[PDB]
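Shown here: query33.cif, mmCIF, C-alpha atoms.
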```cif
data_upload
loop_
_atom_site.label_atom_id
_atom_site.label_comp_id
_atom_site.auth_asym_id
_atom_site.auth_seq_id
_atom_site.Cartn_x
_atom_site.Cartn_y
_atom_site.Cartn_z
CA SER A 1 30.31 -8.22 -28.06
CA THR A 2 29.15 -7.02 -24.68
CA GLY A 3 29.22 -3.85 -22.62
CA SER A 4 28.97 -3.15 -18.89
CA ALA A 5 28.60 0.28 -17.28
CA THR A 6 27.97 1.50 -13.77
CA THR A 7 24.90 3.66 -13.19
CA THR A 8 24.88 6.07 -10.25
CA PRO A 9 22.05 7.92 -8.50
CA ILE A 10 22.13 11.69 -9.11
CA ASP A 11 21.19 12.51 -5.52
CA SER A 12 20.38 11.07 -2.12
CA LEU A 13 16.80 10.23 -3.15
CA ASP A 14 17.63 8.23 -6.31
CA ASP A 15 15.65 10.78 -8.33
CA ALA A 16 17.41 9.45 -11.44
CA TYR A 17 20.52 7.53 -12.48
CA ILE A 18 23.39 8.59 -14.73
CA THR A 19 25.68 6.37 -16.73
CA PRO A 20 28.86 7.55 -18.46
CA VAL A 21 28.77 7.39 -22.27
CA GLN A 22 31.67 7.99 -24.68
CA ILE A 23 30.72 10.06 -27.75
CA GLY A 24 33.01 10.98 -30.62
CA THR A 25 36.71 10.86 -31.41
CA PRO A 26 38.54 11.60 -29.21
CA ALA A 27 35.96 10.49 -26.69
CA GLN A 28 33.76 13.06 -25.03
CA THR A 29 32.27 11.48 -21.91
CA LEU A 30 28.77 12.61 -20.97
CA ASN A 31 26.63 11.31 -18.11
CA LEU A 32 23.33 10.20 -19.60
CA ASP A 33 20.02 9.12 -18.12
CA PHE A 34 19.29 5.67 -19.58
CA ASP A 35 15.57 5.67 -20.28
CA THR A 36 13.69 2.47 -21.21
CA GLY A 37 10.59 4.64 -21.67
CA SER A 38 11.84 6.69 -24.65
CA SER A 39 13.91 6.20 -27.77
CA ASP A 40 16.02 9.30 -28.41
CA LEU A 41 19.68 9.65 -27.52
CA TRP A 42 20.02 13.39 -27.03
CA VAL A 43 22.69 15.52 -25.44
CA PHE A 44 23.46 18.98 -24.19
CA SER A 45 25.83 20.37 -26.78
CA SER A 46 27.77 23.31 -28.14
CA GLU A 47 24.52 24.17 -29.98
CA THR A 48 22.35 24.39 -26.86
CA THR A 49 21.04 27.90 -26.12
CA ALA A 50 23.65 29.23 -23.69
CA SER A 51 21.12 30.50 -21.12
CA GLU A 52 19.70 26.94 -20.93
CA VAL A 53 23.02 25.33 -19.99
CA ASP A 54 23.86 25.40 -16.27
CA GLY A 55 26.67 23.06 -15.33
CA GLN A 56 26.13 20.22 -17.77
CA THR A 57 28.91 18.69 -19.81
CA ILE A 58 28.31 19.38 -23.49
CA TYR A 59 29.01 17.44 -26.66
CA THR A 60 30.87 19.50 -29.24
CA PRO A 61 30.55 17.80 -32.64
CA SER A 62 33.13 20.11 -34.26
CA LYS A 63 35.79 18.55 -31.97
CA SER A 64 34.94 15.00 -33.06
CA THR A 65 36.65 13.69 -36.18
CA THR A 66 33.93 11.05 -36.58
CA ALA A 67 30.94 13.42 -36.22
CA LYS A 68 28.83 14.00 -39.34
CA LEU A 69 25.76 16.25 -39.58
CA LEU A 70 22.70 14.19 -40.47
CA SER A 71 21.56 16.67 -43.04
CA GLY A 72 17.99 17.90 -42.73
CA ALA A 73 17.19 15.89 -39.62
CA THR A 74 15.53 17.44 -36.59
CA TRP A 75 14.01 16.12 -33.40
CA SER A 76 11.62 17.28 -30.72
CA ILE A 77 10.44 15.35 -27.69
CA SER A 78 8.08 15.87 -24.76
CA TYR A 79 8.07 13.69 -21.67
CA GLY A 80 5.35 12.78 -19.19
CA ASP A 81 6.49 15.32 -16.60
CA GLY A 82 6.02 18.13 -19.11
CA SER A 83 9.71 18.54 -19.89
CA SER A 84 11.01 18.81 -23.44
CA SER A 85 13.98 19.31 -25.73
CA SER A 86 14.69 19.67 -29.43
CA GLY A 87 17.44 20.22 -31.96
CA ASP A 88 19.33 18.71 -34.88
CA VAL A 89 21.24 15.46 -35.39
CA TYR A 90 24.74 14.14 -35.90
CA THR A 91 25.94 10.61 -36.40
CA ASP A 92 29.00 9.65 -34.37
CA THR A 93 30.66 6.80 -32.53
CA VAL A 94 29.05 6.01 -29.18
CA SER A 95 30.41 3.58 -26.61
CA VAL A 96 28.80 2.34 -23.40
CA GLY A 97 30.84 0.25 -21.03
CA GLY A 98 33.18 -0.97 -23.76
CA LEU A 99 30.46 -1.64 -26.36
CA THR A 100 30.84 0.53 -29.44
CA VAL A 101 28.28 1.57 -32.04
CA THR A 102 29.42 3.48 -35.11
CA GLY A 103 26.98 5.76 -36.94
CA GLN A 104 24.75 6.28 -33.90
CA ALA A 105 22.29 9.16 -34.17
CA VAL A 106 23.32 11.68 -31.52
CA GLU A 107 20.58 14.28 -31.16
CA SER A 108 22.09 17.65 -30.35
CA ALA A 109 19.86 19.89 -28.25
CA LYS A 110 19.31 23.43 -29.43
CA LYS A 111 16.64 23.97 -26.76
CA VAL A 112 15.90 22.28 -23.44
CA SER A 113 13.15 23.03 -20.92
CA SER A 114 13.80 24.43 -17.46
CA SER A 115 13.76 21.06 -15.68
CA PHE A 116 16.74 19.91 -17.75
CA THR A 117 18.64 23.16 -17.32
CA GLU A 118 18.09 22.99 -13.56
CA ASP A 119 19.55 19.50 -13.33
CA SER A 120 23.30 19.98 -13.70
CA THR A 121 23.98 16.27 -13.24
CA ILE A 122 22.19 14.97 -16.37
CA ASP A 123 23.96 15.69 -19.67
CA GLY A 124 21.25 14.08 -21.77
CA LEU A 125 19.13 10.95 -22.25
CA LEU A 126 19.85 7.58 -23.87
CA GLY A 127 16.60 5.96 -24.94
CA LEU A 128 16.14 2.21 -24.71
CA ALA A 129 12.48 1.80 -25.66
CA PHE A 130 11.60 0.62 -29.17
CA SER A 131 12.89 2.65 -32.11
CA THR A 132 9.34 3.19 -33.37
CA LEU A 133 9.13 6.01 -30.74
CA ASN A 134 12.23 7.83 -31.98
CA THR A 135 11.36 11.44 -32.85
CA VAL A 136 13.91 12.19 -35.57
CA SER A 137 12.30 13.57 -38.72
CA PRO A 138 12.11 13.00 -41.66
CA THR A 139 14.11 9.80 -41.20
CA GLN A 140 13.44 8.00 -37.92
CA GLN A 141 16.59 6.76 -36.19
CA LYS A 142 17.46 3.62 -34.22
CA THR A 143 18.32 3.41 -30.53
CA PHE A 144 21.77 2.50 -29.29
CA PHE A 145 20.48 -0.96 -28.35
CA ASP A 146 18.82 -1.49 -31.73
CA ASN A 147 22.06 -0.56 -33.51
CA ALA A 148 24.17 -2.78 -31.21
CA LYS A 149 21.82 -5.78 -31.18
CA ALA A 150 23.20 -7.83 -34.03
CA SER A 151 26.73 -7.56 -32.65
CA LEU A 152 25.81 -8.56 -29.11
CA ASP A 153 26.51 -12.05 -27.82
CA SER A 154 22.80 -12.21 -26.90
CA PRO A 155 20.19 -9.59 -27.93
CA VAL A 156 19.52 -8.34 -24.39
CA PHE A 157 20.33 -5.63 -21.94
CA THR A 158 19.83 -5.69 -18.18
CA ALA A 159 19.07 -3.03 -15.59
CA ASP A 160 20.32 -3.54 -12.04
CA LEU A 161 19.56 -0.26 -10.27
CA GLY A 162 20.73 0.31 -6.73
CA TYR A 163 18.89 1.67 -3.73
CA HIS A 164 20.92 4.64 -2.56
CA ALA A 165 23.86 2.96 -4.30
CA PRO A 166 25.41 2.45 -7.72
CA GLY A 167 24.18 -0.30 -10.02
CA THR A 168 24.84 -1.67 -13.47
CA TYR A 169 23.58 -1.69 -17.06
CA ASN A 170 24.86 -4.68 -19.06
CA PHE A 171 24.51 -5.20 -22.78
CA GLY A 172 24.64 -8.58 -24.50
CA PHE A 173 24.82 -10.92 -21.50
CA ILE A 174 23.07 -11.93 -18.31
CA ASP A 175 25.28 -11.77 -15.21
CA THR A 176 24.13 -14.82 -13.30
CA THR A 177 25.95 -13.59 -10.16
CA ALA A 178 23.83 -10.42 -9.98
CA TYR A 179 20.55 -11.97 -8.84
CA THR A 180 19.15 -14.61 -6.51
CA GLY A 181 16.87 -17.49 -7.46
CA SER A 182 15.60 -17.64 -11.02
CA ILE A 183 14.53 -15.07 -13.60
CA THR A 184 10.81 -15.07 -14.40
CA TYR A 185 10.05 -14.01 -17.94
CA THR A 186 6.83 -12.35 -18.98
CA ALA A 187 5.29 -11.27 -22.30
CA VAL A 188 5.84 -7.84 -23.83
CA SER A 189 3.62 -5.80 -26.11
CA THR A 190 5.52 -3.40 -28.36
CA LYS A 191 2.30 -1.89 -29.78
CA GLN A 192 2.85 1.45 -27.98
CA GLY A 193 6.63 1.40 -28.40
CA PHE A 194 7.30 0.57 -24.74
CA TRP A 195 8.46 -2.42 -22.71
CA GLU A 196 4.83 -3.02 -21.84
CA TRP A 197 3.85 -6.03 -19.76
CA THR A 198 1.15 -7.22 -17.36
CA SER A 199 1.82 -7.72 -13.69
CA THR A 200 -0.22 -10.48 -12.06
CA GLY A 201 -1.09 -8.50 -8.93
CA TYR A 202 0.09 -6.97 -5.70
CA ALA A 203 0.32 -7.12 -1.93
CA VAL A 204 0.69 -4.41 0.69
CA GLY A 205 3.10 -5.19 3.52
CA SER A 206 2.39 -8.62 4.99
CA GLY A 207 -1.10 -8.58 3.49
CA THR A 208 -2.57 -11.20 1.20
CA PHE A 209 -1.70 -11.10 -2.47
CA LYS A 210 -4.43 -9.74 -4.74
CA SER A 211 -4.50 -11.43 -8.13
CA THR A 212 -5.29 -8.83 -10.71
CA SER A 213 -3.84 -7.91 -14.08
CA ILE A 214 -1.97 -4.58 -14.15
CA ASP A 215 -0.74 -3.50 -17.56
CA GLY A 216 2.23 -1.15 -17.39
CA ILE A 217 5.67 -0.26 -18.68
CA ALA A 218 9.13 -0.96 -17.36
CA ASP A 219 10.58 2.54 -17.38
CA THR A 220 14.03 3.30 -15.99
CA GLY A 221 13.55 6.97 -16.89
CA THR A 222 10.65 7.47 -14.46
CA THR A 223 11.51 7.82 -10.76
CA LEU A 224 8.37 6.53 -9.07
CA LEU A 225 5.86 3.69 -9.30
CA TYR A 226 2.57 4.81 -10.86
CA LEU A 227 -0.34 2.41 -10.45
CA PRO A 228 -4.15 2.48 -10.57
CA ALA A 229 -5.86 4.63 -7.96
CA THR A 230 -7.44 1.58 -6.30
CA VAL A 231 -4.02 -0.05 -5.74
CA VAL A 232 -2.39 3.15 -4.52
CA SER A 233 -5.24 3.89 -2.10
CA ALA A 234 -4.91 0.38 -0.68
CA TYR A 235 -1.19 0.97 -0.10
CA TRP A 236 -1.43 4.38 1.57
CA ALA A 237 -4.38 3.32 3.74
CA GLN A 238 -1.82 1.24 5.67
CA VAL A 239 0.19 4.36 6.60
CA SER A 240 -1.23 6.44 9.47
CA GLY A 241 -1.74 10.02 8.38
CA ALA A 242 -1.05 9.45 4.69
CA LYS A 243 -3.20 11.47 2.32
CA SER A 244 -3.41 12.60 -1.27
CA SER A 245 -2.59 16.28 -1.54
CA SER A 246 -3.60 18.15 -4.69
CA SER A 247 -1.43 21.08 -3.55
CA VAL A 248 1.65 18.86 -3.37
CA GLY A 249 0.64 16.75 -6.36
CA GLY A 250 0.24 13.30 -4.87
CA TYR A 251 0.30 11.15 -1.77
CA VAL A 252 2.26 12.48 1.18
CA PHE A 253 2.83 10.85 4.56
CA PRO A 254 4.22 11.75 7.99
CA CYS A 255 8.00 11.60 7.89
CA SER A 256 7.78 9.76 11.25
CA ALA A 257 6.11 6.75 9.57
CA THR A 258 7.55 3.33 8.94
CA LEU A 259 6.42 2.43 5.44
CA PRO A 260 5.16 -1.05 4.56
CA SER A 261 6.64 -3.00 1.67
CA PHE A 262 4.86 -3.37 -1.66
CA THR A 263 4.92 -6.62 -3.63
CA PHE A 264 4.17 -6.92 -7.35
CA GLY A 265 3.57 -10.09 -9.33
CA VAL A 266 5.56 -11.32 -12.30
CA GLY A 267 3.80 -14.47 -13.41
CA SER A 268 3.81 -16.72 -10.36
CA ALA A 269 6.86 -14.88 -8.98
CA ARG A 270 6.87 -11.92 -6.59
CA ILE A 271 9.12 -8.85 -6.34
CA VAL A 272 9.19 -7.12 -2.96
CA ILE A 273 9.83 -3.38 -2.76
CA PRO A 274 11.00 -2.57 0.77
CA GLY A 275 9.16 0.24 2.51
CA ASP A 276 12.28 2.42 2.61
CA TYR A 277 12.35 2.48 -1.23
CA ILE A 278 8.98 4.27 -1.14
CA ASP A 279 10.24 7.24 0.93
CA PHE A 280 11.13 10.30 -1.17
CA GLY A 281 11.68 12.55 1.80
CA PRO A 282 10.39 15.93 2.91
CA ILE A 283 8.22 17.75 0.37
CA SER A 284 10.32 20.85 1.06
CA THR A 285 13.44 21.30 3.17
CA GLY A 286 12.62 20.89 6.86
CA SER A 287 9.07 19.69 6.34
CA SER A 288 7.67 16.80 8.33
CA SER A 289 5.48 15.84 5.36
CA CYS A 290 7.23 13.30 3.14
CA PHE A 291 6.53 12.46 -0.51
CA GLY A 292 5.42 8.96 -1.42
CA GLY A 293 7.13 6.75 -3.98
CA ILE A 294 3.92 5.04 -5.09
CA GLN A 295 1.52 7.40 -6.82
CA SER A 296 -1.65 7.19 -8.87
CA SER A 297 -1.41 6.73 -12.64
CA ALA A 298 -4.91 8.17 -13.08
CA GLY A 299 -4.64 10.86 -15.72
CA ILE A 300 -1.25 9.62 -16.98
CA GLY A 301 -3.05 7.10 -19.15
CA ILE A 302 -0.56 4.33 -18.44
CA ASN A 303 0.80 2.45 -15.41
CA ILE A 304 4.56 2.96 -14.95
CA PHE A 305 6.93 0.56 -13.23
CA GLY A 306 9.57 3.22 -12.64
CA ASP A 307 12.80 3.11 -10.62
CA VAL A 308 11.02 2.47 -7.28
CA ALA A 309 9.86 -0.88 -8.65
CA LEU A 310 12.76 -1.72 -10.96
CA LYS A 311 15.50 -1.13 -8.36
CA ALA A 312 13.99 -3.95 -6.29
CA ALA A 313 14.83 -6.39 -9.10
CA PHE A 314 17.35 -7.56 -11.65
CA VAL A 315 15.54 -6.77 -14.91
CA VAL A 316 16.21 -8.36 -18.30
CA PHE A 317 15.13 -6.48 -21.40
CA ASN A 318 15.09 -9.27 -23.98
CA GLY A 319 15.19 -7.86 -27.51
CA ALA A 320 14.85 -11.19 -29.29
CA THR A 321 12.50 -11.35 -32.31
CA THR A 322 9.63 -11.69 -29.83
CA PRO A 323 10.71 -9.41 -27.00
CA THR A 324 10.13 -10.34 -23.35
CA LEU A 325 10.94 -8.97 -19.88
CA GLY A 326 12.56 -10.94 -17.09
CA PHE A 327 12.54 -10.15 -13.37
CA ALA A 328 14.56 -11.71 -10.58
CA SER A 329 15.02 -10.85 -6.93
CA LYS A 330 18.50 -9.77 -5.87
#
```

Once more with this new file: its structure as structure tokens, please.
Amino acid sequence: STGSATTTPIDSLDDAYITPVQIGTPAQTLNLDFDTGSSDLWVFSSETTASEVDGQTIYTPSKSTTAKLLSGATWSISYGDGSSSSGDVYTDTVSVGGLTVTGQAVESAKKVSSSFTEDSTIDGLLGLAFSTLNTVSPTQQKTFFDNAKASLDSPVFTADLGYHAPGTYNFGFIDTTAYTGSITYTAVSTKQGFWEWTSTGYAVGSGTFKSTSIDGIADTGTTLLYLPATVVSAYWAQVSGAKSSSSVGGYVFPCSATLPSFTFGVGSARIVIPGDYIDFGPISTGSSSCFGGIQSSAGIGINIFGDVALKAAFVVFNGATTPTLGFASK
């Protein structure tokens, strides 16, 4: 089997991407944030505290003839931006782009933090990291991909995120028309539960490539590119007036600037992030200070190849017995 679904930016800045997901019988379609950095499929639901729902579409298990309470199971998750959610668990039928999993754990939110409430466009998350990170207790549950894997034509999914445009998530096949040149594959460590890999270095604009190992994660659920302070300083030093602002919470730059590109290494291959991808616009409405899309990972504890990086490539998440990551230009 295979599946193919379109993923769409939630706003004009590509702050996140939503992908329609069919849950239950008859189908209830929710727009979920596919997140290769976590491993819980959770939704706004009929159980979510009413004051914490503001415009989201909810899953109502009592209206699904295939929903079954997973008795005794609870979940609770916290993300790197300080947001969180928690609740109980149902199993139900879940389909993405024509690919159907029966008995998928659907984590029903009883509580969500303010950031989720305030984002009316995201109805929940669909985790695509390794199932070892799944938070369901006392019986850990598998991700949608893990459950689908054996049925897929090939044990892979691909992320093809657009810049200010829709893109695609495919399951079970590689669309050879969706990228240019060849795909360069690179080793993955699953020791921390992530799609963790090591970039071979970077360049700023038309500058020379610096060979240096940068360990990080391929994370579709993180907006920006978070790299070591040395790398980030080298980037922003090429932008007149750019500075790190503790009051804003990162690097800002004059909105009048033309940003240089940023290149990252994948083995001997190179992915180029155009300067425009690094512009996240005014820090507040009307401001002439703009927020940068490359930020320091210092104090996160991990480097994160988020959407800013991933949307510059066609990315293969290879879930074979020894997982790997592939990157191609597009």

query = Which residues, written as a ChimeraX atom specification, have at least one atom at most 8 Å from stretch 303-315 of chain A, with all atoms listed in the file counted and residues fewer than 2 positions away on the same chain left out?
reply = /A:16,158-163,178-179,214-228,271-274,277-278,293-294,297,300-301,317,325-330

request  = For the file shown, report as a ChimeraX atom specification the outcome of the PyMOL selection byres ((chain A and resi 144) around 8) at residue level.
outcome  = /A:41,101,104,126-128,142-143,145-148

ask   = For residue A:116, which of A:129, A:32, A:156, A:237 is the closest residue, counting all atoms listed in the file?
value = A:32

task = Using only C-alpha atoms, find the one residue out of A:253, A:59, A:79, A:173 that sits nearest to residue A:35.
result =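 Under the stated criterion, the closest residue is A:79.
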
inquiry  = Give me the residues near residue A:212 as a PyMOL selection string, where near means some atom within 10 Å (using all atoms listed in the file) and where sequence neighbours in that chain fewer than 5 positions away do not count.
reply    = chain A and resi 198-202+265

inquiry  = Quick check, in Å to one decimal: how far apart do atom CA of residue A:169 and atom CA of residue A:38 lie?
reply    =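 These atoms are spaced 16.3 Å apart.
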
request  = List the residues selected by the PyMOL selection byres ((chain A and resi 239-245) around 12) in the file shown, writing them as JSON, numbers by chain.
outcome  = {"A": [204, 205, 229, 232, 233, 234, 235, 236, 237, 238, 246, 247, 248, 249, 250, 251, 252, 253, 254, 255, 256, 257, 258, 259, 260, 261, 275, 278, 279, 283, 288, 289, 290, 291, 292, 294, 295, 296]}

request  = State, in Å with one decimal place, the distance from atom CA of residue A:302 to atom CA of residue A:193.
outcome  =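 These two atoms are separated by 12.6 Å.
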
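Applying the 12 Å criterion to (30.5, 17.9, -38.0) in file coordinates and using only C-alpha atoms, one obtains the residues residues 24, 25, 46, 47, 59, 60, 61, 62, 63, 64, 65, 66, 67, 68, 69, 70, 71, 88, 89, 90, 91, 92, 106 and 108 of chain A.
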